[PDB]
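These notes concern the structure reproduced below.
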Amino acid sequence: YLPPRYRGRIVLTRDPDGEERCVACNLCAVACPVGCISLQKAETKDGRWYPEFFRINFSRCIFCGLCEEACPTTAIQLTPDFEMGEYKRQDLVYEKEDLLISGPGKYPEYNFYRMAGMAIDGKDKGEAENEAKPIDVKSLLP
Amino acid sequence: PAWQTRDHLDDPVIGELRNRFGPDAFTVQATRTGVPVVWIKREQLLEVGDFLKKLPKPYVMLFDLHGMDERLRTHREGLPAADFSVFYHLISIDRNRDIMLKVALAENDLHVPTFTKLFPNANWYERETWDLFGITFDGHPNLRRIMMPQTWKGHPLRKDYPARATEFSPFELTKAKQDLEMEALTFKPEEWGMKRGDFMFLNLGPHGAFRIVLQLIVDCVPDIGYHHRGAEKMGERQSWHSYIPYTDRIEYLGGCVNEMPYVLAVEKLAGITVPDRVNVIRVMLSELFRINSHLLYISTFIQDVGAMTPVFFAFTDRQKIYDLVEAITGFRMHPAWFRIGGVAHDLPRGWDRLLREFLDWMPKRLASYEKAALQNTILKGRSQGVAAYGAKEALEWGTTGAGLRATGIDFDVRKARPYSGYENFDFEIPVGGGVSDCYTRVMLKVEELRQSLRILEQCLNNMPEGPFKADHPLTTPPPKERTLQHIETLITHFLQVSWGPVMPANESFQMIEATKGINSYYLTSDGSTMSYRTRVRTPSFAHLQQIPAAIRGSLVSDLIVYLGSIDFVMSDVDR
Amino acid sequence: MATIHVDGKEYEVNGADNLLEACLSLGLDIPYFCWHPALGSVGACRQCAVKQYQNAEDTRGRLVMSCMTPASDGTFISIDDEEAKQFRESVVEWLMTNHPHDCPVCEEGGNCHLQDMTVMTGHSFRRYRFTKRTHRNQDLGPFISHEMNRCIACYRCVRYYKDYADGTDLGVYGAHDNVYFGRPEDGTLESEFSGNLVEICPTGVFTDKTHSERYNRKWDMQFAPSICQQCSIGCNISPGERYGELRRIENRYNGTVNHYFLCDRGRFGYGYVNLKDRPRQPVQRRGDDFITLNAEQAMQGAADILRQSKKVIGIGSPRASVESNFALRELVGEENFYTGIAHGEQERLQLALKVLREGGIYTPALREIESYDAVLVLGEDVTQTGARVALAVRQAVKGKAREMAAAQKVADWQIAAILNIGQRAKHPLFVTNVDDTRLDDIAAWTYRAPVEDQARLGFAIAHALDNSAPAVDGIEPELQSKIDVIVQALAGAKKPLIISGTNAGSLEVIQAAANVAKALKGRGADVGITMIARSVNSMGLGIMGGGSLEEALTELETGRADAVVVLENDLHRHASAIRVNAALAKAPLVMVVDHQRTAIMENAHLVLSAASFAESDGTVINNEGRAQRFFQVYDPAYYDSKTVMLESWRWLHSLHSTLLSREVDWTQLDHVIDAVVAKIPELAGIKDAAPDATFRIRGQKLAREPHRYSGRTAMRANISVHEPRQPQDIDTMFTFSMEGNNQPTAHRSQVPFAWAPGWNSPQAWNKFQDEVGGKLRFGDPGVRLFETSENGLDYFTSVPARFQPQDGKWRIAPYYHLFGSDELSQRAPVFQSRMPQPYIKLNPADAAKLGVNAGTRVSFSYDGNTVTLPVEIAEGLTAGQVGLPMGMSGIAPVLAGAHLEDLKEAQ
Amino acid sequence: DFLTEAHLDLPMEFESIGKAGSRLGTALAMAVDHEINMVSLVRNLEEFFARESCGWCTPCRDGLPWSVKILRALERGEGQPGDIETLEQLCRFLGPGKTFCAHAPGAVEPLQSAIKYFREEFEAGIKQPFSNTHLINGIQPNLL
Ligand code: SF4
Ligand code: SF4
Ligand code: SF4
Ligand code: SF4
Ligand code: SF4
Ligand code: SF4
Ligand code: FES
Ligand SMILES: [Ca+2]
């Protein structure tokens, strides 16, 4: 039996539309006291920021959860699962394919791009939350 | 507010110091430590110190002695010109007041007279200051390195000394072979302490692992520093928010008790008064961890000097306390749940039924503990008069906690200097009959465990409503739901977790009653997002320093019983 | 000068300054957006509000703006007044109503002035519940991305671009809360100084597009103080590295040289460092096969063949450091050392050096240029070569409006009042080129002519200023009228500036400019002279000396030189490609020490993996003569362990010791600099350019990384989970780590990056200066090698004859481009689209005689080769001339002043 | 600034209208009868002033549209309890010397007088409670 807030294995989650939630903002990497996160930003032709690589060194990780609370997209979360063990320390280094799970985890509904002003596919300018339509300077109305 | 900057000129100790040494003989610093801070010259250190020892309500205890580098400190308005400094924290129990004396030093002349004649507990503190800084204490009998080994070149708390292990060359085992050969040839050069001497010199190594060199008891010399983790140095290389996990590991049984003095001290630099719900939540988690530590001390105490068959049921009760902690915070040990301005989350919605189940469960077990320990004769006969000390010995060696309270000195921090809203609770302070020994200390802890359960009874029935985080711009991090929707809250959260919160240049100081003795945090801000100096006063350091004074005239079995009775852990001692 | 009372305390400040720049100099934090130290005060954002009292007894005063308020004697202000604090919080609150939720995906995040001021006011709670305004974006070209939603309408971008930089294609559109900053339509920003908008804009509207391909936050950067390598001006820069690749180029404040601004070639031309084609290991040829060697093997292998050779010659480079050329000179001897530039380029460079050292006329620094009252530009197309001088000359031309405003008692910081008083009045600026320049919008007169005609106007101005100067017979009355206009403005100036350079390709233009400066010096004027050179260390290589590259090629093809050590030089730019490739095939041993892949390394026998400026240390000497030190940014061996990239001076010194005593010597940087000072007295100042590797700030080494640098236990964890040791620097005072010092008040001149508590943006440079907009607190880095000589020169009497066209022969008129003419930066992929198509420019009468129009591919012959180019039409180009783009792929800069024998339509 | 029936029988001079809390202006007066809702009248006024801002200075360019949006909420009946105290703060911080010219001080002069003399019609707009945030599952909020 584990409580919901248990600080075991670190995963990266997904949007309800099915895209990866991480926007490679590097706040989780800097807020970690042990320095166990390395990542690089990439950008799609759509314009969506996403991580080119995501690397967590689980030999160094102390499972403090400061990365989860730093994340402004709810992408990185700590799950109730302590079942880890390896013969080699090199196999404690997890890449993005070992971390990205198929769903949204603890926060089923939050999508960051719906908040964001930046324009990606499916959300042009004025299609975000509390956002009006763009008015051109050449418009006849004063 | 209780955090605003004060010079404490209305404290009555300054006026009699003015009438004794003149107005030009010292200099008063305005801090947020809560105590007067006075800069004296090193030629007057002993005169000022022995004057405070025979005041009509005298200062009897040297709380802490350590140093600061101060060379890279840019905000130094009002202070005298110093290249290094040594601070002396003194406590008067009868006035319920403290004073801090600061001696300024130059970089070429790191020399100050030793304080050991007045206060005996200063011997280990000056050795640490000699170890971590390069201040020489003239007149010290055995001024050797107490943390690092004896061939370690360099003073690690100097600001030119690199903090990280990666900055040095790795463990290539060039020095491991030499340290192994040195350890294999363990011989006495008559330098490891006083060592006057026919005599059998024996090293015995046993809740923590440390070495002691004993003369067969004619002379005993603890060798510590085997658990030095550089926690104080770590404060210089971490932001105020990201340092919080390191606080939890100063004491393993402490948990959220250990985080409490640090967050309260940071909140004084930030100028944050927290809401009432934060106060009751923090007091709740601290009394849960205090109960867990006390049950561990009573459990382990009954096992070594008695039959351990009935008391093994206490593991199930500690499992219930760990399940309640990881239901609230998330993780069983090292929660790192206290935040600057509040806590990490709100209480989850089923907390009340679990706490009520624990409060219903506990009195039957507690009364079985009282029957098992108060009425027993064998352990009582093996614990009465076993390396005892009194009130004069306690105040000399800086012994606080159940030790000091077992003598007639009624001194708790939760009643004398209320913190975290402890003054709105109904609890009693148990006290002994003037003799501190192994039976009296355990009996006091059983009484404290019952008072802790009374505090938890008031927390469940008078849990108020409102936020779990203060409304203040330095509350780190902000509430997450506002961060996920509002740009100004997102901007504050962005800079706080990355560059760090900016604490303005000041010095804060908090003392709390810990699970074992009094634990404190003395923090200095130079205006940056990291601490300039972090000082952690742990009571176990004083408690382990006190043992050669009391054990002299006893057997090795009495040493093992005395070490098992004192409230010492080596993670606290070495930090 | 003046004394003001702030928040009860009392301070001494300069009376001429306003209250914002007074209080920021004292370390009092006032928030601000629309004010800039370079741009002046306009009063738009209303963020700098303080409460002002009439005297000490007035308890209730009024809110004023400190950027718009003079710091007069007797001023009583309160920054921390409660009503002032509430209003300053409200200004941030009003800006936060329309700001997008974009900080995780904003490239300004962690380096954002709006983020810093929002925290500094203490506004963290949103009350506004209504909709936000949105804007669409524009395409601004390959360098700058556009996101108008983040704009706070501070007007800094338009005030920089139109007023300061004199760009024409950026403006403000709309009205009320719908104001839009940008271009009238999409397209590339035309200004050569567009890239300073990323630092000037306090938000993330204008961001670096070259950095957003490989983005990282500022706290993850590794910084070093460096010098720009793209031309001779010597702008101080702060390059940032992450994961072994150079990421962005930042401006490094230097109050003597560049201050807040860089040019676009410096800011965006760094991509050649990040090429995959660069050599990373030493490579030795074996017939057709190639063998990879380590550092020890390469030195022992090279010195075995070099011991058997009978004569070894050395070819230096103008783009190599002073320590690298000297080490090459020490290895072959000074009798065998050649400079690597052509003889005609060498002759113009030593004459340019002669007038600076022996002319007796002071040569101004780049910021001192803005104080001069008249500017004559002879031959140097200065916007395309030496672009920051053109920015400095625009500010000098605005000095007339500052003089009129000072007479009317308008303060120096009130910029909109000064501009209103001015009304297109300018200090006189006279430029001469072969075609139109980018300074033509502000020039009093432009003279488009061949280079001998530009020199002949220069000698005639000197003869009309002094009777002893030699005269130019044959001047027509139309030109004679204009010469009188220039002479009356020059002689009537209190402080004239004379600008020329080596890029015109004429010895006579440089001779004409020294005659004008001499004639003004005899009149009593405080005259300055400025010469622009070609490369980053052109002036340094000229002070060292040596024979020309043509002499070196002679010693190869006449058999006497058995071996040649080429150092960081692609010889095709300086000499004919067919001659170079033939003469390097006769040599038994050719050794190249270059960081870039060049064409001459195909047949070379040994290549050494030299380091670029990002991976090296050294001293460069700029056009002024200032010796400046550049420091290594990152260790390239840290990430890739097979990388054997060493400094050029470290490779050549070790080779000399293995040649002498068979033992390699990996020397330290201060030993090489000491060796320079002893042998060459003219380079004695380079010792004092920077301190040595034993310099400490109270026992600490200067830090390269910010204190919150991340990923220490995960950066290299994909190769080995065991953390390696941190790279150790024995050459310089800097450490390859964050465990060091970067305090604003630390007693040093070399600042790797600016950061302060509460100031994460480029506005943190105010904490490092003595007064804001002034000099660095403990002095700007860099030292002048030579002082002004006591006595001057004689008048040059070598007046050229007037230019005459010839049938068949076509003179080559040089055209320069900021994004194409420089050797390293044209290999950047972002410069491939910013550079224009290759062309050939013809007079309309000459294209009518040839029978072609715009767009026709025409063929010509240079040195027996054939190049076909499409024709462009140039009305300002005089007949008999032919415009070529210098320094491109195919057109060497040695071609300036050459002749094209044959020209006909391509078939 | 608006004036009442009690403010008649008072001379049309600059300092006489000045001591009555208003400005004499162009001296061309406008009468408001009992059938005009004051909130709608002020909303029309602020809409003109907001859209006629030149856009140079922040408290005019961004402060005045916030006032317009609050008044539109008040006119429709969607006003929240912190709205009227925001209008008071806007009037204080858009006064003389705080903005770049006198446009913004002239804009808030009808607004502050109409709240002072006709607070009951502005208070009638407040029919909805305060909420500017939406619930997020898995995150407990900070309960004030
Ligand atoms: S996991 Fe979260 S904090 Fe880390 S880079 Fe991705 S979005 Fe940013
Ligand atoms: S849980 Fe803590 S140690 Fe582990 S990756 Fe996250 S921040 Fe780093
Ligand atoms: S410009 Fe600054 S405040 Fe705005 S989204 Fe970017 S980082 Fe955040
Ligand atoms: S684009 Fe940037 S610099 Fe220009 S007005 Fe907007 S915020 Fe200011
Ligand atoms: S002017 Fe020259 S040195 Fe300065 S940034 Fe431009 S190219 Fe670099
Ligand atoms: S107050 Fe005046 S200057 Fe400011 S935005 Fe309004 S109209 Fe423009
Ligand atoms: S900075 Fe002074 S009003 Fe904008
Ligand atoms: Ca180096």
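Computed over heavy atoms, backbone and side chain alike; hydrogens, waters and symmetry mates excluded. The sequence lines fix the lettering, A, B, ..., with proteins before strands; numbering per chain opens at 1.
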Can you give me the closest heavy-atom contact between [X] and [Y], atom names plus distance?
X: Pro72(A); Y: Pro104(C); answer: CG-CG, 3.6 Å
X: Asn718(C); Y: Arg55(A); answer: CB-NE, 3.4 Å
X: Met115(A); Y: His101(C); answer: O-CB, 3.7 Å

Report the option among [options] that has the most heavy-atom pairs separated by less than 4.5 Å from atoms of chain A.
options: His176(C), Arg242(C), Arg136(C), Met148(C); value: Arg136(C)
options: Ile719(C), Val179(C), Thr131(C); value: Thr131(C)
options: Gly711(C), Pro100(C), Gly174(C); value: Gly711(C)

Could you tell me which portion of [X] (side chain, backbone, both or neither) has an atom closer than 4.5 angstrom to a non-hydrogen atom of chain C?
X: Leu39(A); result: backbone
X: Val30(A); result: both
X: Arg60(A); result: side chain

Within the side chain of [X], is there an N or O that forms a donor-acceptor pair under 3.5 Å with the backbone of [Y]?
X: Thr134(C); Y: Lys125(A); value: no
X: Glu213(C); Y: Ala42(A); value: no
X: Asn57(A); Y: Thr713(C); value: yes

Value rounded to 0.5 Å, distance of [atom1] in [X] from [atom2] in [Y]:
X: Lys41(A); Y: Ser212(C); atom1: NZ; atom2: OG; answer: 5.0 Å
X: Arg89(A); Y: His722(C); atom1: CZ; atom2: NE2; answer: 5.0 Å
X: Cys25(A); Y: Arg217(C); atom1: SG; atom2: CZ; answer: 6.0 Å
X: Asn26(A); Y: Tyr215(C); atom1: CG; atom2: OH; answer: 8.5 Å

Go through the atoms of [X] and report whether side chain, backbone, both or neither lie under 4.5 Å from a heavy atom of chain A.
X: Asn137(C); result: side chain
X: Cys103(C); result: neither
X: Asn178(C); result: both
X: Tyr709(C); result: neither
X: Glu107(C); result: both

> What option among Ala116(A), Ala119(A), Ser38(A) has the most heavy-atom pairs under 4.5 Å with chain C?
Replying inline: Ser38(A)
>> Salt bridge or not between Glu52(A) and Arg214(C)? Use side-chain N to carboxylate O under 4.0 Å.
In response: yes
> Can you check whether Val105(C) reaches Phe112(A) side chain to side chain, under 4.5 Å on heavy atoms?
Replying inline: yes
> Using non-hydrogen atoms and a limit below 4.5 Å, what part of residues 130-142 of chain A faces chain C?
Replying inline: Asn130(A), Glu131(A), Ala132(A), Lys133(A), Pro134(A), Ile135(A), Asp136(A), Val137(A), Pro142(A)
> Does atom CD of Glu109(A) have more than 12 heavy-atom neighbours from other groups under 6.0 Å away?
Replying inline: no
